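Here the structure is laid out as structure tokens; the discussion comes afterwards.
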Amino acid sequence: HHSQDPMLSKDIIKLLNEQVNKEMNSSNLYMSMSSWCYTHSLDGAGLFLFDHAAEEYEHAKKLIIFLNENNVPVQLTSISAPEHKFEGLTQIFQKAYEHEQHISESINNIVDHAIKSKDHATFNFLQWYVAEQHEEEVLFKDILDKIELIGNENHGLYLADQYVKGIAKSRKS
Amino acid sequence: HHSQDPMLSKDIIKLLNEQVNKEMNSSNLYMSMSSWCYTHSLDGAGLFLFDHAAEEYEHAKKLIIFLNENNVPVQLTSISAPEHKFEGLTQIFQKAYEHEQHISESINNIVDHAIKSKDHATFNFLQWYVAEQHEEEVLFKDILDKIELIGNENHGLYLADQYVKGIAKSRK
Amino acid sequence: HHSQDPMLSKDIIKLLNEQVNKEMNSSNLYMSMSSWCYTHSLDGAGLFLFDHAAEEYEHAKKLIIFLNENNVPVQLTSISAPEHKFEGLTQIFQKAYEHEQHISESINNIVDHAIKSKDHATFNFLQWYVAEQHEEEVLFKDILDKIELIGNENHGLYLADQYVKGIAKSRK
Amino acid sequence: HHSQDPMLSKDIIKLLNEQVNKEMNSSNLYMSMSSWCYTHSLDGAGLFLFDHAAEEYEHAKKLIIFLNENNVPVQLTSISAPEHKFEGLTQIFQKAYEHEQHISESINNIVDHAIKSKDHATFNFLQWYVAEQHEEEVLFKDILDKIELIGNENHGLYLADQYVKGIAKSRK
Amino acid sequence: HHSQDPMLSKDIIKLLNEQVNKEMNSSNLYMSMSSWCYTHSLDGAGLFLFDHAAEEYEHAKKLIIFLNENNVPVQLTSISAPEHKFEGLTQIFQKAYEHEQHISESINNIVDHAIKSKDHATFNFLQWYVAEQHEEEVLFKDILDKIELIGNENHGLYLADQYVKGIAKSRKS
Amino acid sequence: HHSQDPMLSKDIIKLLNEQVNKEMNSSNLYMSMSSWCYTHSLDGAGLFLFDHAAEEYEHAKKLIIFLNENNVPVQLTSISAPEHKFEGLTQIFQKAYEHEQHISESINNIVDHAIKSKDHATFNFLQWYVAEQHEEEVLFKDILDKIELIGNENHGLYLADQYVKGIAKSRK
Ligand SMILES: [Fe+3]
Ligand SMILES: [Fe+3]
Ligand SMILES: [Fe+3]
Ligand SMILES: [Fe+3]
Ligand SMILES: [Fe+3]
Ligand SMILES: [Fe+3]
Ligand SMILES: [Fe+3]
Ligand SMILES: [Fe+3]
Ligand SMILES: [Fe+3]
Ligand SMILES: [Fe+3]
Ligand SMILES: [Fe+3]
Ligand SMILES: [Fe+3]
Ligand SMILES: [Fe+3]
Ligand SMILES: [Fe+3]
């Protein structure tokens, strides 16, 4: 039996598949960052980063759904072993923030390519993703700022960890 | 500051970390099988397999949580790319069933090692996982049986795909 | 058309089929014990034992369901007439208590074999069964204790029957 | 202490005890047939026959209750193991339909003897049983008819098993 | 009149009785640790340890119920005077955590013996206990970690005590 | 940091700490009596005594709370093992009633010392305890009276055990 061809162009297909793989990669990175926090008495940051890892996987699934719907083969690559050694809470959120900036940038590139190729169905689909990613980028910016403001003298790490705990719990519900 | 050592033994740690990586790998395999179905007009199997991949990732997450709680470092390794070449619906479910068998065996192994080690916190923890995995293996056995019963004569693939669709919809 | 092979090992299959048959036999025994009580003015004990017979059959059915889901042929053997001659209430519950001990022993043996062969799906499945059987065994122990405490003298049989009647009714 | 004699006549007692054992044997037969279907990818027929087996045991229980109520000893006899080898779905339902006919005939025989011996208490009690057995016999005729109508060509077996599955589920 | 013999084997009987006595002993120890905290201005830790003492007694009662049900005589031994002198909050939770590890270990020994002797009714009964004890062990690990993270410079003891207070109140309801 | 001194006098502290240890001891005694009953077919008395031991521990806890609130160190001493040798139901309740009498006397002593010391915070606090203890002593007097009224002739022990069971059930 004959099935219909992919409904998206080859360039967009490639970019969307790469984005699926990026989100999968992010999910692993944040799981690893989470584990570091949990094994260093920072269960607030642990929980936040675990829940964030899970959310990145939710993004990957939403992208896959769109690919499936459009008759586009999903091409899952080898996911690389995440960084597992970190210096401290500040370095983790510095790295995480830099990571989210890169994700934001790669999204902008797909959206820009959708415009250039006049693929406005893909442009429209991506809007929820642009919005949620921007909110995520701002949140990491905000936590990094707060970690820097608190500092890690006496019980500063405890305070910073409880602040992050409060954010994680407030976002569950 | 001093953080408490891992609360689990080195052997158990190794086995549980390995299992996390196995579930991640299963999730990718099923998304790959799911996409093969969708791109070959089998959105019923496609749906079922997608939903099953997401469930494998849920098992991965619950394993991670248990490691985190026991102060055990989570050791995520490179996840090799899943196979993407399939001959048909029957082959996908034959591969899927053999896969669930291997996953069931790997779980039995950990549970047995927990018993050897007298680690009954881990034994107790793994019980939902043993249960849920058995349900999964049965389900794949049942679907495989049904695909084979229907066969691939005139509109047989359609009937099989509708059947799997019904199951996917009833489980969510 | 091709159906999948049984999902359990030969020895587990054998033990589990033997157990289905033990439960079927138990139901027969308890019906006959129940009838003896009913024809000897002991309707309270009759009711208790009738309801317990029915629950043995429920256990047989739950085992059969598990055999079905694992693609295991259920092999029912010949039924031999249950013992039908009894001496009195005390003897019936003595025999019953001893029978329940034997049922507990045979379950423990299946569970122990599940561990030895690392069949943790079966081990996990049998847990409700281990728990319910133990509750049944404790109950027969309790009733036998009470029958002895009360005695056979001067409306003692009436009081013991009313006691067992109360238990039967409260378990509905 | 003196207990009252059986309230039914010896011939009626005999026929009623025979009937209890026939229902026990029916339960066994249908469990075996059910298992056959389950192990040959016919879970729809499997479920139907399992549920029907359990209902035959319910019939046995209600007859036993009536014997208990009339101070009649229940005499459970030895029964051969049920047939376990079958040729296919059609053969199973042919055998089952022939079996339901025999049960129907056996009930009519008891009812007729109740009329002849002026045992109208027993006649009255058996009316629920006559009505339910008739409904069962009709159901088996209908399923057998539908199986032959569908046939065994390509996916006919699947369509037939799905039809029986819908009946099983709708009967609760 | 004749009563039925115990339904459990002599080895399991002995182990279960010893476990009842261990839980009773724990209850006293935690009452004593609680009193120390209350008399040293640490009412948060005071409350937590008091509620925990009470929970250990709940465990002992559940074990006794099972013994009673099985016609096994309950053999209560002399309960020894608990440690009453402690150095500080950190030492108390270090001791408590070490204590919970020992309890966890003794449970594993009973469960292991149940398997060896094929006593699967006892194996099954003990599962709630394995689960609750593991949760307790993890909780003490978590509090010890947090006490160490906070430290006791300036008002660190106050912060640590309020953290424990929050845990105690959240577990009541 | 400086923590405030105890808010109670040394004599009161001594008496209240002693009372905590007395309640702990009572709890163990009653669990011991409770187990004697259960192991001798008296699950009614067994239940009642178990429930009463748990209540003695509740009194211990409320005393501890009051000491904690007043910044008084709690001084738990070695709790001697309770007696385990009993001759029968009557002896257990004879011992139990004499025990509750001694506990009532010990409470009266503390309350009297509170009055001598003008410690009316403690006097006021102890009022629920005086009340609840009196109710307890009456109850044991009532049960002892009833056990003795029933006596131990043919099924008398059963009737007494059922009576105490009713009380236990009505109080929870
Ligand atoms: Fe993101
Ligand atoms: Fe993202
Ligand atoms: Fe699975
Ligand atoms: Fe799995
Ligand atoms: Fe067709
Ligand atoms: Fe039983
Ligand atoms: Fe049973
Ligand atoms: Fe019928
Ligand atoms: Fe019938
Ligand atoms: Fe504990
Ligand atoms: Fe504990
Ligand atoms: Fe008292
Ligand atoms: Fe008192
Ligand atoms: Fe009397």
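If you're wondering about the labels, chains in the structure tokens are A, B, ... by order shown, residues count from 1 in each chain, ligands from 1 in order shown.
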
Return the neighbours of chain B among the residues of chain D, cut-off 7 Å, counting only C-alpha atoms, as a JSON list (two decimals) with N, CA and C atoms, in the first residue's frame.
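Listing of part-v4.json after writing:
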```json
[["chain", "number", "residue", "atom", "x", "y", "z"],
["D", 41, "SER", "N", -5.33, -17.79, 20.92],
["D", 41, "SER", "CA", -5.51, -16.39, 20.48],
["D", 41, "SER", "C", -6.97, -15.93, 20.43],
["D", 154, "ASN", "N", -10.07, -15.98, 5.52],
["D", 154, "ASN", "CA", -9.16, -14.92, 6.00],
["D", 154, "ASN", "C", -9.25, -14.55, 7.49],
["D", 155, "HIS", "N", -9.87, -13.41, 7.82],
["D", 155, "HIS", "CA", -10.00, -12.98, 9.22],
["D", 155, "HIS", "C", -11.36, -13.25, 9.86],
["D", 158, "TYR", "N", -11.15, -14.04, 13.72],
["D", 158, "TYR", "CA", -11.07, -12.76, 14.43],
["D", 158, "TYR", "C", -12.44, -12.06, 14.58]]
```

* Let me have all residues with an atom within 7 Å of ligand 10, counting only C-alpha atoms and all ligand atoms, laid out as a PyMOL selection string. => chain E and resi 56+100+103+133+136-137

* Using only C-alpha atoms, which chain A residues lie at most 7 Å away from chain B, written as a VMD selection string? -> chain A and resid 3 32 35 to 36 38 to 41 68 71 to 74 76 to 82

* Once you count only C-alpha atoms and all ligand atoms, which residues end up within 10 Å of ligand 7, and could you hand them over as a ChimeraX atom specification? -> /C:19-20,22-24,26-27,52-53,55-60,100,103-104,107,129-137

Just write the chosen residues, N, CA, C and O atoms, as a tab-separated table (two decimals), in the first residue's frame.
```tsv
chain	number	residue	atom	x	y	z
C	19	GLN	N	-2.25	-26.40	42.10
C	19	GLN	CA	-2.94	-25.50	43.03
C	19	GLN	C	-4.38	-25.17	42.64
C	19	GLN	O	-5.23	-25.01	43.52
C	20	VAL	N	-4.63	-25.01	41.34
C	20	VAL	CA	-6.00	-24.78	40.87
C	20	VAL	C	-6.86	-25.96	41.31
C	20	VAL	O	-7.96	-25.78	41.85
C	22	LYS	N	-6.23	-28.15	43.78
C	22	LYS	CA	-6.34	-28.17	45.23
C	22	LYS	C	-7.48	-27.28	45.70
C	22	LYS	O	-8.21	-27.66	46.62
C	23	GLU	N	-7.64	-26.12	45.08
C	23	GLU	CA	-8.73	-25.21	45.43
C	23	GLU	C	-10.10	-25.77	45.04
C	23	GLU	O	-11.08	-25.62	45.79
C	24	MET	N	-10.17	-26.40	43.87
C	24	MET	CA	-11.40	-27.05	43.42
C	24	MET	C	-11.79	-28.16	44.39
C	24	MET	O	-12.96	-28.26	44.78
C	26	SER	N	-10.87	-28.35	47.54
C	26	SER	CA	-11.20	-27.69	48.80
C	26	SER	C	-12.63	-27.23	48.84
C	26	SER	O	-13.31	-27.40	49.84
C	27	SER	N	-13.07	-26.59	47.75
C	27	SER	CA	-14.47	-26.21	47.60
C	27	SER	C	-15.43	-27.40	47.80
C	27	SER	O	-16.44	-27.27	48.49
C	52	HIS	N	-17.35	-20.37	52.70
C	52	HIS	CA	-15.91	-20.58	52.55
C	52	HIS	C	-15.58	-21.45	51.34
C	52	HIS	O	-14.56	-21.24	50.68
C	53	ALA	N	-16.45	-22.42	51.07
C	53	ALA	CA	-16.38	-23.23	49.85
C	53	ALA	C	-16.40	-22.33	48.62
C	53	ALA	O	-15.55	-22.46	47.74
C	55	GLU	N	-15.64	-19.25	48.36
C	55	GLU	CA	-14.45	-18.41	48.28
C	55	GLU	C	-13.21	-19.21	47.85
C	55	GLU	O	-12.32	-18.66	47.22
C	56	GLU	N	-13.17	-20.50	48.15
C	56	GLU	CA	-12.12	-21.35	47.57
C	56	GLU	C	-12.25	-21.35	46.04
C	56	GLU	O	-11.26	-21.23	45.32
C	57	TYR	N	-13.48	-21.46	45.54
C	57	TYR	CA	-13.71	-21.41	44.10
C	57	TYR	C	-13.29	-20.07	43.48
C	57	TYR	O	-12.75	-20.06	42.39
C	58	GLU	N	-13.56	-18.96	44.17
C	58	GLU	CA	-13.05	-17.66	43.74
C	58	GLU	C	-11.52	-17.64	43.61
C	58	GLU	O	-11.01	-17.05	42.66
C	59	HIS	N	-10.81	-18.30	44.53
C	59	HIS	CA	-9.34	-18.44	44.44
C	59	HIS	C	-8.89	-19.23	43.23
C	59	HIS	O	-7.91	-18.87	42.58
C	60	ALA	N	-9.58	-20.35	42.97
C	60	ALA	CA	-9.33	-21.16	41.78
C	60	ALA	C	-9.49	-20.31	40.51
C	60	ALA	O	-8.66	-20.38	39.61
C	100	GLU	N	-6.40	-26.36	56.00
C	100	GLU	CA	-5.93	-25.01	55.70
C	100	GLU	C	-4.42	-24.83	55.89
C	100	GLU	O	-3.79	-24.08	55.14
C	103	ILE	N	-2.87	-26.17	52.81
C	103	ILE	CA	-3.00	-25.21	51.70
C	103	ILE	C	-1.96	-24.10	51.83
C	103	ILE	O	-1.35	-23.71	50.83
C	104	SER	N	-1.76	-23.61	53.05
C	104	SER	CA	-0.69	-22.64	53.32
C	104	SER	C	0.69	-23.18	52.96
C	104	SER	O	1.47	-22.48	52.32
C	107	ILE	N	1.13	-23.24	49.11
C	107	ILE	CA	1.35	-21.89	48.57
C	107	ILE	C	2.79	-21.42	48.83
C	107	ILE	O	3.47	-20.99	47.90
C	129	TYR	N	-2.74	-13.78	47.47
C	129	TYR	CA	-3.12	-15.16	47.77
C	129	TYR	C	-2.52	-15.62	49.10
C	129	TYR	O	-3.22	-16.18	49.95
C	130	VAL	N	-1.22	-15.38	49.27
C	130	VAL	CA	-0.54	-15.62	50.54
C	130	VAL	C	-1.28	-14.92	51.69
C	130	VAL	O	-1.53	-15.53	52.73
C	131	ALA	N	-1.63	-13.65	51.49
C	131	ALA	CA	-2.29	-12.85	52.52
C	131	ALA	C	-3.70	-13.36	52.87
C	131	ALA	O	-4.06	-13.48	54.05
C	132	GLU	N	-4.50	-13.66	51.84
C	132	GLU	CA	-5.87	-14.13	52.04
C	132	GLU	C	-5.92	-15.52	52.67
C	132	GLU	O	-6.77	-15.78	53.52
C	133	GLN	N	-5.00	-16.39	52.25
C	133	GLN	CA	-4.89	-17.73	52.84
C	133	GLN	C	-4.53	-17.67	54.32
C	133	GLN	O	-5.10	-18.38	55.13
C	134	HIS	N	-3.58	-16.81	54.67
C	134	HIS	CA	-3.20	-16.66	56.06
C	134	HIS	C	-4.37	-16.18	56.91
C	134	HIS	O	-4.58	-16.70	58.00
C	135	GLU	N	-5.11	-15.20	56.41
C	135	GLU	CA	-6.33	-14.74	57.08
C	135	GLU	C	-7.34	-15.89	57.28
C	135	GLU	O	-7.96	-15.98	58.34
C	136	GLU	N	-7.49	-16.74	56.27
C	136	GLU	CA	-8.38	-17.91	56.34
C	136	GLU	C	-7.90	-18.89	57.41
C	136	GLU	O	-8.69	-19.34	58.25
C	137	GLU	N	-6.60	-19.18	57.40
C	137	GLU	CA	-5.99	-20.09	58.37
C	137	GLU	C	-6.14	-19.59	59.82
C	137	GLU	O	-6.46	-20.38	60.71
```

* Check: which chain E residues lie within 12 Å of chain A using only C-alpha atoms, as an MDAnalysis selection string -> chainID E and resid 141:160 163

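Considering only C-alpha atoms and all ligand atoms, the residue among B:96, B:110, B:115, B:164 positioned nearest to ligand 3 is B:96.
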
* Let me have all residues with an atom within 10 Å of ligand 2, counting only C-alpha atoms and all ligand atoms, laid out as a ChimeraX atom specification. => /A:19-20,22-24,26-27,52-53,55-60,99-104,107,129-137

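Counting from atom CA of residue 116 of chain D, the distance to atom CA of residue 15 of chain D is 13.5 Å.
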